[PDB]
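Okay, work.csv now, which holds CSV, N, CA and C atoms:
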```csv
chain,number,residue,atom,x,y,z
Q,1,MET,N,-8.7,-16.0,-6.6
Q,1,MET,CA,-8.5,-14.5,-6.6
Q,1,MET,C,-7.5,-14.2,-5.5
Q,2,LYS,N,-6.2,-14.5,-5.8
Q,2,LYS,CA,-5.1,-14.2,-4.9
Q,2,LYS,C,-4.5,-12.8,-5.3
Q,3,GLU,N,-5.3,-11.8,-5.6
Q,3,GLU,CA,-4.8,-10.5,-6.0
Q,3,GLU,C,-4.5,-9.7,-4.8
Q,4,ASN,N,-3.2,-9.3,-4.7
Q,4,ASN,CA,-2.8,-8.5,-3.5
Q,4,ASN,C,-2.5,-7.0,-3.9
Q,5,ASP,N,-3.6,-6.3,-4.3
Q,5,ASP,CA,-3.4,-4.9,-4.7
Q,5,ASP,C,-4.6,-4.0,-4.2
Q,6,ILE,N,-4.5,-2.7,-4.4
Q,6,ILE,CA,-5.5,-1.8,-3.9
Q,6,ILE,C,-6.9,-2.2,-4.4
Q,7,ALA,N,-6.9,-2.9,-5.6
Q,7,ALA,CA,-8.1,-3.4,-6.1
Q,7,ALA,C,-8.9,-4.2,-5.1
Q,8,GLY,N,-8.2,-5.1,-4.4
Q,8,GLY,CA,-8.9,-5.9,-3.4
Q,8,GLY,C,-9.3,-5.1,-2.2
Q,9,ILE,N,-8.5,-4.1,-1.8
Q,9,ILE,CA,-8.8,-3.3,-0.6
Q,9,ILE,C,-10.0,-2.4,-0.9
Q,10,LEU,N,-10.0,-1.8,-2.1
Q,10,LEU,CA,-11.1,-0.9,-2.5
Q,10,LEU,C,-12.4,-1.7,-2.8
Q,11,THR,N,-12.3,-2.9,-3.4
Q,11,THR,CA,-13.4,-3.7,-3.7
Q,11,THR,C,-14.0,-4.4,-2.5
Q,12,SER,N,-13.1,-4.6,-1.5
Q,12,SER,CA,-13.6,-5.3,-0.3
Q,12,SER,C,-14.2,-4.3,0.7
Q,13,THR,N,-13.4,-3.3,1.1
Q,13,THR,CA,-13.9,-2.3,2.0
Q,13,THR,C,-13.6,-0.9,1.5
Q,14,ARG,N,-14.6,0.0,1.4
Q,14,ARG,CA,-14.4,1.3,0.9
Q,14,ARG,C,-14.6,2.3,2.0
Q,15,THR,N,-13.5,2.9,2.5
Q,15,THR,CA,-13.6,3.9,3.6
Q,15,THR,C,-12.6,5.0,3.3
Q,16,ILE,N,-13.1,6.2,3.2
Q,16,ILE,CA,-12.2,7.4,3.0
Q,16,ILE,C,-12.2,8.3,4.2
Q,17,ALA,N,-10.9,8.5,4.7
Q,17,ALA,CA,-10.7,9.4,5.8
Q,17,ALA,C,-10.0,10.7,5.5
Q,18,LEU,N,-10.6,11.8,5.9
Q,18,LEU,CA,-10.0,13.1,5.6
Q,18,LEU,C,-9.2,13.6,6.8
Q,19,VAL,N,-8.0,14.1,6.5
Q,19,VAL,CA,-7.1,14.7,7.5
Q,19,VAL,C,-7.1,16.2,7.5
Q,20,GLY,N,-7.4,16.8,8.7
Q,20,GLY,CA,-7.4,18.2,8.8
Q,20,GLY,C,-8.6,18.9,8.1
Q,21,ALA,N,-9.8,18.2,8.3
Q,21,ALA,CA,-11.0,18.7,7.7
Q,21,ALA,C,-11.6,19.9,8.5
Q,22,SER,N,-11.3,21.1,8.1
Q,22,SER,CA,-11.7,22.4,8.7
Q,22,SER,C,-12.8,23.0,7.9
Q,23,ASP,N,-13.2,24.3,8.3
Q,23,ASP,CA,-14.2,25.0,7.6
Q,23,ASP,C,-13.6,25.9,6.5
Q,24,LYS,N,-12.7,25.4,5.8
Q,24,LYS,CA,-12.0,26.1,4.7
Q,24,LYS,C,-12.5,25.6,3.3
Q,25,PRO,N,-13.6,26.1,2.9
Q,25,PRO,CA,-14.2,25.8,1.6
Q,25,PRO,C,-13.4,26.3,0.4
Q,26,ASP,N,-12.4,27.1,0.7
Q,26,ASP,CA,-11.5,27.7,-0.3
Q,26,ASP,C,-10.2,26.9,-0.4
Q,27,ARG,N,-10.2,25.7,0.0
Q,27,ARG,CA,-9.1,24.8,-0.1
Q,27,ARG,C,-9.4,23.5,-0.8
Q,28,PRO,N,-8.3,22.8,-1.3
Q,28,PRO,CA,-8.5,21.6,-2.0
Q,28,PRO,C,-8.9,20.4,-1.1
Q,29,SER,N,-8.7,20.6,0.2
Q,29,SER,CA,-9.0,19.6,1.2
Q,29,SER,C,-10.5,19.6,1.4
Q,30,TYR,N,-11.2,20.7,1.1
Q,30,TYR,CA,-12.7,20.8,1.3
Q,30,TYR,C,-13.4,20.3,0.0
Q,31,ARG,N,-13.0,20.8,-1.1
Q,31,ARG,CA,-13.6,20.4,-2.4
Q,31,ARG,C,-13.6,18.9,-2.6
Q,32,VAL,N,-12.5,18.3,-2.1
Q,32,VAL,CA,-12.4,16.8,-2.2
Q,32,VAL,C,-13.3,16.1,-1.2
Q,33,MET,N,-13.5,16.7,-0.1
Q,33,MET,CA,-14.4,16.2,1.0
Q,33,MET,C,-15.8,16.1,0.5
Q,34,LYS,N,-16.4,17.2,0.3
Q,34,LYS,CA,-17.8,17.2,-0.2
Q,34,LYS,C,-18.0,16.5,-1.5
Q,35,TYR,N,-16.9,16.4,-2.3
Q,35,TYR,CA,-16.9,15.7,-3.5
Q,35,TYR,C,-17.1,14.2,-3.3
Q,36,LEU,N,-16.4,13.6,-2.4
Q,36,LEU,CA,-16.5,12.2,-2.1
Q,36,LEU,C,-17.8,11.9,-1.4
Q,37,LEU,N,-18.4,12.8,-0.7
Q,37,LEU,CA,-19.6,12.7,0.0
Q,37,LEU,C,-20.8,12.6,-1.0
Q,38,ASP,N,-20.8,13.5,-1.9
Q,38,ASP,CA,-21.9,13.5,-3.0
Q,38,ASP,C,-21.8,12.3,-3.8
Q,39,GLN,N,-20.6,11.9,-4.2
Q,39,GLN,CA,-20.3,10.7,-5.1
Q,39,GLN,C,-21.0,9.5,-4.5
Q,40,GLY,N,-21.2,9.5,-3.1
Q,40,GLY,CA,-21.8,8.4,-2.5
Q,40,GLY,C,-20.7,7.5,-1.8
Q,41,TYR,N,-19.7,8.1,-1.2
Q,41,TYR,CA,-18.7,7.3,-0.5
Q,41,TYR,C,-18.6,7.6,0.9
Q,42,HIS,N,-18.1,6.7,1.7
Q,42,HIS,CA,-18.0,6.9,3.2
Q,42,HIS,C,-16.9,7.8,3.5
Q,43,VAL,N,-17.2,9.1,3.9
Q,43,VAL,CA,-16.3,10.1,4.2
Q,43,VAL,C,-16.1,10.2,5.8
Q,44,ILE,N,-14.9,10.2,6.2
Q,44,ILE,CA,-14.7,10.3,7.7
Q,44,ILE,C,-13.6,11.4,8.0
Q,45,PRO,N,-14.1,12.7,7.9
Q,45,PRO,CA,-13.2,13.9,8.1
Q,45,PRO,C,-12.8,14.0,9.6
Q,46,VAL,N,-11.5,14.1,9.8
Q,46,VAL,CA,-11.0,14.2,11.2
Q,46,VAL,C,-10.2,15.5,11.3
Q,47,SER,N,-10.6,16.3,12.3
Q,47,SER,CA,-9.9,17.6,12.5
Q,47,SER,C,-9.9,18.0,14.0
Q,48,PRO,N,-8.9,18.7,14.5
Q,48,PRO,CA,-8.9,19.2,15.9
Q,48,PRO,C,-9.9,20.2,16.2
Q,49,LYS,N,-10.7,20.7,15.2
Q,49,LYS,CA,-11.7,21.6,15.4
Q,49,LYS,C,-13.1,21.0,15.3
Q,50,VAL,N,-13.2,20.0,14.5
Q,50,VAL,CA,-14.5,19.2,14.3
Q,50,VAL,C,-14.6,18.2,15.4
Q,51,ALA,N,-13.7,18.1,16.3
Q,51,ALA,CA,-13.7,17.1,17.4
Q,51,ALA,C,-15.0,17.3,18.2
Q,52,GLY,N,-16.0,16.5,17.9
Q,52,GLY,CA,-17.2,16.5,18.6
Q,52,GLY,C,-18.3,17.4,17.9
Q,53,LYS,N,-18.1,17.6,16.6
Q,53,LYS,CA,-19.0,18.3,15.8
Q,53,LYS,C,-19.4,17.6,14.6
Q,54,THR,N,-20.3,18.1,13.8
Q,54,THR,CA,-20.8,17.5,12.6
Q,54,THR,C,-20.4,18.3,11.3
Q,55,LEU,N,-19.7,17.6,10.4
Q,55,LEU,CA,-19.2,18.3,9.2
Q,55,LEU,C,-19.9,17.7,8.0
Q,56,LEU,N,-20.8,18.4,7.4
Q,56,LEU,CA,-21.6,17.9,6.2
Q,56,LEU,C,-22.3,16.6,6.5
Q,57,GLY,N,-22.7,16.4,7.8
Q,57,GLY,CA,-23.4,15.3,8.2
Q,57,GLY,C,-22.5,14.2,8.7
Q,58,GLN,N,-21.2,14.4,8.5
Q,58,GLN,CA,-20.2,13.4,9.0
Q,58,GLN,C,-19.6,13.7,10.4
Q,59,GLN,N,-19.6,12.7,11.3
Q,59,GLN,CA,-19.1,13.0,12.6
Q,59,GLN,C,-17.7,13.4,12.6
Q,60,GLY,N,-17.4,14.4,13.4
Q,60,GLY,CA,-16.0,14.9,13.5
Q,60,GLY,C,-15.2,14.3,14.6
Q,61,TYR,N,-13.9,14.3,14.5
Q,61,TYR,CA,-13.0,13.7,15.5
Q,61,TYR,C,-11.7,14.5,15.6
Q,62,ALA,N,-11.2,14.6,16.8
Q,62,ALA,CA,-10.0,15.4,17.1
Q,62,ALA,C,-8.8,14.7,16.5
Q,63,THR,N,-8.8,13.3,16.5
Q,63,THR,CA,-7.7,12.5,16.0
Q,63,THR,C,-8.3,11.2,15.4
Q,64,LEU,N,-7.5,10.7,14.4
Q,64,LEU,CA,-7.9,9.4,13.8
Q,64,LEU,C,-7.9,8.3,14.7
Q,65,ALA,N,-7.3,8.5,15.9
Q,65,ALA,CA,-7.2,7.4,16.9
Q,65,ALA,C,-8.4,7.6,17.9
Q,66,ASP,N,-9.4,8.4,17.5
Q,66,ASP,CA,-10.6,8.6,18.4
Q,66,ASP,C,-11.8,8.1,17.7
Q,67,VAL,N,-11.7,7.9,16.4
Q,67,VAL,CA,-12.9,7.3,15.6
Q,67,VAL,C,-12.9,5.8,15.7
Q,68,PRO,N,-14.1,5.3,16.0
Q,68,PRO,CA,-14.3,3.8,16.2
Q,68,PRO,C,-14.2,3.1,14.8
Q,69,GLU,N,-14.7,3.7,13.8
Q,69,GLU,CA,-14.7,3.1,12.4
Q,69,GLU,C,-13.3,2.9,12.0
Q,70,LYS,N,-12.9,1.8,11.4
Q,70,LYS,CA,-11.6,1.5,10.9
Q,70,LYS,C,-11.4,2.1,9.5
Q,71,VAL,N,-10.4,2.9,9.4
Q,71,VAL,CA,-10.0,3.6,8.2
Q,71,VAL,C,-9.4,2.6,7.2
Q,72,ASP,N,-9.8,2.8,5.9
Q,72,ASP,CA,-9.3,1.9,4.8
Q,72,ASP,C,-8.5,2.7,3.8
Q,73,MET,N,-8.8,4.0,3.7
Q,73,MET,CA,-8.0,4.9,2.8
Q,73,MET,C,-7.9,6.3,3.4
Q,74,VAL,N,-6.6,6.6,3.7
Q,74,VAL,CA,-6.4,8.0,4.2
Q,74,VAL,C,-6.1,9.0,3.1
Q,75,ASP,N,-7.0,10.0,3.0
Q,75,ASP,CA,-6.9,11.0,2.0
Q,75,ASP,C,-6.1,12.2,2.6
Q,76,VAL,N,-4.8,12.3,2.1
Q,76,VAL,CA,-4.0,13.4,2.6
Q,76,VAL,C,-3.8,14.5,1.5
Q,77,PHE,N,-4.5,15.6,1.7
Q,77,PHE,CA,-4.4,16.7,0.7
Q,77,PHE,C,-4.0,18.0,1.4
Q,78,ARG,N,-3.8,17.9,2.7
Q,78,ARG,CA,-3.3,19.1,3.4
Q,78,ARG,C,-2.1,19.7,2.8
Q,79,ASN,N,-1.0,18.9,2.9
Q,79,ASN,CA,0.3,19.3,2.3
Q,79,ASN,C,1.1,18.1,1.9
Q,80,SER,N,2.3,18.4,1.4
Q,80,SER,CA,3.2,17.4,0.9
Q,80,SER,C,3.8,16.6,2.1
Q,81,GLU,N,4.5,17.3,2.9
Q,81,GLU,CA,5.1,16.6,4.1
Q,81,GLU,C,4.1,16.0,5.0
Q,82,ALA,N,2.9,16.5,5.0
Q,82,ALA,CA,1.8,16.0,5.8
Q,82,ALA,C,1.6,14.5,5.5
Q,83,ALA,N,1.9,14.1,4.3
Q,83,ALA,CA,1.7,12.7,3.9
Q,83,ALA,C,2.5,11.8,4.8
Q,84,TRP,N,3.7,12.3,5.2
Q,84,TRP,CA,4.6,11.5,6.1
Q,84,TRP,C,4.0,11.3,7.5
Q,85,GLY,N,3.6,12.5,8.1
Q,85,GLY,CA,3.1,12.4,9.4
Q,85,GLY,C,1.8,11.6,9.5
Q,86,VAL,N,0.9,11.8,8.5
Q,86,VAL,CA,-0.3,11.1,8.4
Q,86,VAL,C,-0.1,9.6,8.0
Q,87,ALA,N,1.0,9.3,7.4
Q,87,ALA,CA,1.3,7.9,7.0
Q,87,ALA,C,1.7,7.1,8.2
Q,88,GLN,N,2.7,7.6,9.0
Q,88,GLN,CA,3.1,6.9,10.2
Q,88,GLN,C,1.9,6.6,11.1
Q,89,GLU,N,1.1,7.6,11.3
Q,89,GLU,CA,-0.1,7.5,12.2
Q,89,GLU,C,-1.0,6.4,11.7
Q,90,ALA,N,-1.3,6.4,10.4
Q,90,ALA,CA,-2.2,5.4,9.8
Q,90,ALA,C,-1.6,4.0,10.0
Q,91,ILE,N,-0.4,3.8,9.6
Q,91,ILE,CA,0.3,2.5,9.8
Q,91,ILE,C,0.3,2.1,11.2
Q,92,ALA,N,0.3,3.0,12.1
Q,92,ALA,CA,0.4,2.7,13.5
Q,92,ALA,C,-0.9,2.1,14.0
Q,93,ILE,N,-2.1,2.7,13.7
Q,93,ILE,CA,-3.4,2.3,14.1
Q,93,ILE,C,-3.7,1.0,13.3
Q,94,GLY,N,-3.2,0.9,12.1
Q,94,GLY,CA,-3.4,-0.3,11.2
Q,94,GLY,C,-4.2,0.1,10.0
Q,95,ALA,N,-3.7,1.0,9.2
Q,95,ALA,CA,-4.3,1.5,8.0
Q,95,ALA,C,-4.3,0.4,6.9
Q,96,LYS,N,-4.8,0.7,5.8
Q,96,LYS,CA,-4.8,-0.2,4.6
Q,96,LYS,C,-4.4,0.4,3.3
Q,97,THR,N,-4.9,1.7,3.1
Q,97,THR,CA,-4.5,2.4,1.9
Q,97,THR,C,-4.1,3.8,2.3
Q,98,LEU,N,-3.4,4.5,1.4
Q,98,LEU,CA,-2.9,5.8,1.6
Q,98,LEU,C,-2.9,6.6,0.3
Q,99,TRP,N,-3.7,7.7,0.3
Q,99,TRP,CA,-3.7,8.6,-0.9
Q,99,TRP,C,-3.2,10.0,-0.6
Q,100,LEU,N,-2.3,10.4,-1.5
Q,100,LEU,CA,-1.7,11.8,-1.3
Q,100,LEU,C,-2.3,12.7,-2.4
Q,101,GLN,N,-1.7,13.9,-2.4
Q,101,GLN,CA,-2.1,14.9,-3.4
Q,101,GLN,C,-1.5,14.6,-4.8
Q,102,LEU,N,-2.4,14.9,-5.8
Q,102,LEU,CA,-2.0,14.7,-7.2
Q,102,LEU,C,-1.0,15.8,-7.7
Q,103,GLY,N,0.1,15.4,-8.3
Q,103,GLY,CA,1.1,16.3,-8.8
Q,103,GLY,C,2.3,16.4,-7.9
Q,104,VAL,N,2.2,15.9,-6.7
Q,104,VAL,CA,3.3,15.9,-5.8
Q,104,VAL,C,4.0,14.5,-5.7
Q,105,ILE,N,5.3,14.5,-5.4
Q,105,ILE,CA,6.0,13.3,-5.2
Q,105,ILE,C,6.8,13.3,-3.9
Q,106,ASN,N,6.5,12.3,-3.1
Q,106,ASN,CA,7.2,12.2,-1.8
Q,106,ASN,C,7.8,10.7,-1.6
Q,107,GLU,N,9.0,10.6,-1.9
Q,107,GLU,CA,9.7,9.3,-1.8
Q,107,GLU,C,9.8,8.8,-0.3
Q,108,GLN,N,9.8,9.8,0.6
Q,108,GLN,CA,9.9,9.5,2.0
Q,108,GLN,C,8.6,8.9,2.5
Q,109,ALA,N,7.5,9.5,2.1
Q,109,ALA,CA,6.2,8.9,2.5
Q,109,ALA,C,5.9,7.6,1.8
Q,110,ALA,N,6.4,7.5,0.6
Q,110,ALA,CA,6.2,6.3,-0.2
Q,110,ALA,C,6.8,5.1,0.4
Q,111,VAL,N,8.1,5.2,0.8
Q,111,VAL,CA,8.8,4.1,1.4
Q,111,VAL,C,8.3,3.9,2.9
Q,112,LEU,N,8.0,5.0,3.5
Q,112,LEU,CA,7.5,4.9,4.9
Q,112,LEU,C,6.4,3.9,5.1
Q,113,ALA,N,5.6,3.7,4.0
Q,113,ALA,CA,4.5,2.8,4.0
Q,113,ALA,C,5.0,1.4,3.7
Q,114,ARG,N,5.9,1.3,2.7
Q,114,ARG,CA,6.4,0.0,2.3
Q,114,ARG,C,7.0,-0.8,3.5
Q,115,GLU,N,7.6,-0.1,4.4
Q,115,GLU,CA,8.1,-0.7,5.6
Q,115,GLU,C,7.1,-1.6,6.3
Q,116,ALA,N,5.8,-1.2,6.2
Q,116,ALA,CA,4.8,-2.0,6.8
Q,116,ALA,C,4.0,-2.8,5.8
Q,117,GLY,N,4.0,-2.3,4.5
Q,117,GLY,CA,3.3,-3.0,3.4
Q,117,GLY,C,2.1,-2.2,3.0
Q,118,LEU,N,1.8,-1.2,3.7
Q,118,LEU,CA,0.6,-0.3,3.3
Q,118,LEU,C,0.7,0.1,1.9
Q,119,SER,N,-0.5,0.3,1.3
Q,119,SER,CA,-0.5,0.7,-0.1
Q,119,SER,C,-0.4,2.2,-0.2
Q,120,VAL,N,0.8,2.7,-0.5
Q,120,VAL,CA,1.0,4.2,-0.7
Q,120,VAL,C,0.8,4.6,-2.1
Q,121,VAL,N,0.0,5.7,-2.3
Q,121,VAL,CA,-0.2,6.2,-3.6
Q,121,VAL,C,-0.1,7.7,-3.7
Q,122,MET,N,1.0,8.2,-4.3
Q,122,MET,CA,1.3,9.6,-4.4
Q,122,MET,C,1.1,10.1,-5.8
Q,123,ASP,N,1.0,11.4,-5.9
Q,123,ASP,CA,0.8,12.1,-7.2
Q,123,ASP,C,-0.5,11.5,-7.9
Q,124,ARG,N,-1.5,11.3,-7.0
Q,124,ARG,CA,-2.8,10.8,-7.5
Q,124,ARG,C,-3.9,11.3,-6.7
Q,125,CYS,N,-5.0,11.7,-7.3
Q,125,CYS,CA,-6.2,12.2,-6.6
Q,125,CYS,C,-7.4,11.4,-7.1
Q,126,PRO,N,-8.4,11.3,-6.1
Q,126,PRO,CA,-9.7,10.6,-6.4
Q,126,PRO,C,-10.6,11.4,-7.4
Q,127,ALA,N,-10.4,12.7,-7.4
Q,127,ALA,CA,-11.2,13.5,-8.3
Q,127,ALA,C,-11.0,13.1,-9.7
Q,128,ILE,N,-9.8,12.8,-10.1
Q,128,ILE,CA,-9.5,12.3,-11.4
Q,128,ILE,C,-9.5,10.8,-11.5
Q,129,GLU,N,-9.3,10.1,-10.4
Q,129,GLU,CA,-9.3,8.7,-10.4
Q,129,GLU,C,-10.7,8.1,-10.6
Q,130,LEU,N,-11.7,8.9,-10.2
Q,130,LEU,CA,-13.1,8.5,-10.3
Q,130,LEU,C,-13.5,8.4,-11.7
Q,131,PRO,N,-13.4,9.5,-12.5
Q,131,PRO,CA,-13.8,9.6,-13.9
Q,131,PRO,C,-12.8,8.8,-14.8
Q,132,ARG,N,-11.7,8.3,-14.2
Q,132,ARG,CA,-10.7,7.6,-14.9
Q,132,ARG,C,-11.4,6.4,-15.7
Q,133,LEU,N,-12.5,5.9,-15.2
Q,133,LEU,CA,-13.2,4.8,-15.9
Q,133,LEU,C,-14.5,5.4,-16.5
Q,134,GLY,N,-15.1,6.4,-15.9
Q,134,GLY,CA,-16.3,7.0,-16.5
Q,134,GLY,C,-17.5,6.7,-15.6
Q,135,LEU,N,-17.3,6.6,-14.3
Q,135,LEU,CA,-18.3,6.3,-13.3
Q,135,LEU,C,-18.6,7.6,-12.5
Q,136,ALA,N,-18.4,8.7,-13.1
Q,136,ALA,CA,-18.6,10.0,-12.4
Q,136,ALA,C,-20.0,10.5,-12.6
Q,137,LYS,N,-20.7,10.8,-11.6
Q,137,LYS,CA,-22.1,11.3,-11.7
Q,137,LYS,C,-22.1,12.8,-12.0
```
Take the structure in this file and express it as structure tokens.
Amino acid sequence: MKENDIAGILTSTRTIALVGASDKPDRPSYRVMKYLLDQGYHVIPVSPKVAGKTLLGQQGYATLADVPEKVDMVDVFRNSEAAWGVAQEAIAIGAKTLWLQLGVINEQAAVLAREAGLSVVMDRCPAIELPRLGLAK
């Protein structure tokens, strides 16, 4: 099994990290958060406001460099350009996977990961990636 793709990273370690997890239930960043939590996945929301607080039962953090748990998949839904800033940071600490917002295309953030080898995935969301096979509860 010498497969070098997201399949091995997702099948090996499943870790989802949320960037900019605030108290805005009227945003796509929230709907995706509680969505991954209910589905039964490890959600690690990190925000400058949740730093030292509890979000939906998940420990909050001011920065991704403050959480002990190693992130495996960075969920960036905040904004388009946000993917770039969140990408460099992830690759810095030693990320493994990167997920952006579905419908958007960022060549800058895409290559920004290739430079390190990180698995960058743009124009794709977990909400639709889950049911893609039919394992949605």
Name the residues in contact with segment 28-35 of chain Q at a cut-off of 9 Å, using only C-alpha atoms, excluding same-chain residues fewer than 4 positions from it; report them as a ChimeraX atom specification.
/Q:18-24,39-40,43-45,56,75-78,125-127
Quick one: pick out all strand (DSSP E or B) residues within chain Q from a backbone DSSP run and write them as a ChimeraX atom specification. /Q:16-19,43-46,54-55,58-59,73-75,97-99,119-121
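The interatomic distance for the pair atom N of residue 101 of chain Q and atom N of residue 63 of chain Q works out to 20.2 Å.
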Shell around residue 84 of chain Q at 8 Å using only N, CA and C atoms, local window under 3 positions removed, as a PyMOL selection string = chain Q and resi 79-81+87-90+106+108-110+112
_If DSSP is run on the backbone, what residues of chain Q are helix (DSSP H, G or I)? A reply as an NGL selection string would be ideal._
:Q and (6-12 or 28-39 or 82-93 or 107-114 or 126-129)
Could segment 120-132 of chain Q be completed with N, CA, C and O atoms and written as a CSV table (one decimal), in the frame of the given file, please?
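Output (out-v6.csv):
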```csv
chain,number,residue,atom,x,y,z
Q,120,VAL,N,0.8,2.7,-0.5
Q,120,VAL,CA,1.0,4.2,-0.7
Q,120,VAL,C,0.8,4.6,-2.1
Q,120,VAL,O,1.3,4.0,-3.0
Q,121,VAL,N,0.0,5.7,-2.3
Q,121,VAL,CA,-0.2,6.2,-3.6
Q,121,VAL,C,-0.1,7.7,-3.7
Q,121,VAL,O,-0.9,8.5,-3.2
Q,122,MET,N,1.0,8.2,-4.3
Q,122,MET,CA,1.3,9.6,-4.4
Q,122,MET,C,1.1,10.1,-5.8
Q,122,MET,O,0.9,9.3,-6.7
Q,123,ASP,N,1.0,11.4,-5.9
Q,123,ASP,CA,0.8,12.1,-7.2
Q,123,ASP,C,-0.5,11.5,-7.9
Q,123,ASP,O,-0.5,11.3,-9.1
Q,124,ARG,N,-1.5,11.3,-7.0
Q,124,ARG,CA,-2.8,10.8,-7.5
Q,124,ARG,C,-3.9,11.3,-6.7
Q,124,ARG,O,-3.8,11.3,-5.4
Q,125,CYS,N,-5.0,11.7,-7.3
Q,125,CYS,CA,-6.2,12.2,-6.6
Q,125,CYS,C,-7.4,11.4,-7.1
Q,125,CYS,O,-7.5,11.0,-8.2
Q,126,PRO,N,-8.4,11.3,-6.1
Q,126,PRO,CA,-9.7,10.6,-6.4
Q,126,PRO,C,-10.6,11.4,-7.4
Q,126,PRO,O,-11.3,10.8,-8.1
Q,127,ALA,N,-10.4,12.7,-7.4
Q,127,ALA,CA,-11.2,13.5,-8.3
Q,127,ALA,C,-11.0,13.1,-9.7
Q,127,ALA,O,-12.0,13.1,-10.5
Q,128,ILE,N,-9.8,12.8,-10.1
Q,128,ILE,CA,-9.5,12.3,-11.4
Q,128,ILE,C,-9.5,10.8,-11.5
Q,128,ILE,O,-9.6,10.3,-12.6
Q,129,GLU,N,-9.3,10.1,-10.4
Q,129,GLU,CA,-9.3,8.7,-10.4
Q,129,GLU,C,-10.7,8.1,-10.6
Q,129,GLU,O,-10.9,7.0,-11.1
Q,130,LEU,N,-11.7,8.9,-10.2
Q,130,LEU,CA,-13.1,8.5,-10.3
Q,130,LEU,C,-13.5,8.4,-11.7
Q,130,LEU,O,-13.9,7.3,-12.2
Q,131,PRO,N,-13.4,9.5,-12.5
Q,131,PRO,CA,-13.8,9.6,-13.9
Q,131,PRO,C,-12.8,8.8,-14.8
Q,131,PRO,O,-13.0,8.7,-16.0
Q,132,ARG,N,-11.7,8.3,-14.2
Q,132,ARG,CA,-10.7,7.6,-14.9
Q,132,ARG,C,-11.4,6.4,-15.7
Q,132,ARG,O,-10.9,6.0,-16.8
```
